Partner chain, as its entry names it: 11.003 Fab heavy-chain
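Given next, in C-alpha cells, is a single chain: the form deposited without the partner chain.
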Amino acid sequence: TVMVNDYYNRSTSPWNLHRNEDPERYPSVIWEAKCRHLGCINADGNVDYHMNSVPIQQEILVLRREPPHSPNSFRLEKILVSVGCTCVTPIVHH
C-alpha cells in the first residue's frame, strides 16, 4: 500500500477504435482495437483469406476503486486489452 497523487487506416490488417469506459477504473477510458476483417487486404484492396488479421493483446495495469465506489482508495489490477491488429499466416509452426 502506498499513496499516489491514422496509420491503422493504411494497414493490411486494419482496425477500428472502440471506447472502453468504466467509472470504477483509472484510467476510466481505454481505446481498444477491433480488427475490421478476418482476412488481410491484398494488393488490389480486397480482403484475402490466405492470410488473417489478428488483434495484438497486452496486459495493462489499472486502478480499480476498492472498496466499490470509493473516491480515493484503489487496488492495483491487470487487464487484457486489444491494442491493434497485425497480418499473420493462418498456420502455426508448433
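Note that the rigid core is defined as the largest set of C-alphas that superpose within 1.5 Å between two forms. Residue numbers count along the first chain shown, from 1.
Visitor: After a core fit, does 79 to 87 or 6 to 14 show the bigger CA gap to the shown form in 7 other deposited structures of this protein?
Guide: Clearly, after the core fit, the stretch farther away in 7 other deposited structures of this protein is 6 to 14.
Visitor: Can you tell me whether 8 to 16 has a higher mean C-alpha B factor than 78 to 86 in this record, or the other way round?
Guide: That would be 78 to 86.
Visitor: Going by the mean C-alpha B-factor recorded in the entry, which is higher: 53 to 61 or 22 to 30?
Guide: 22 to 30 has the higher mean C-alpha B-factor.
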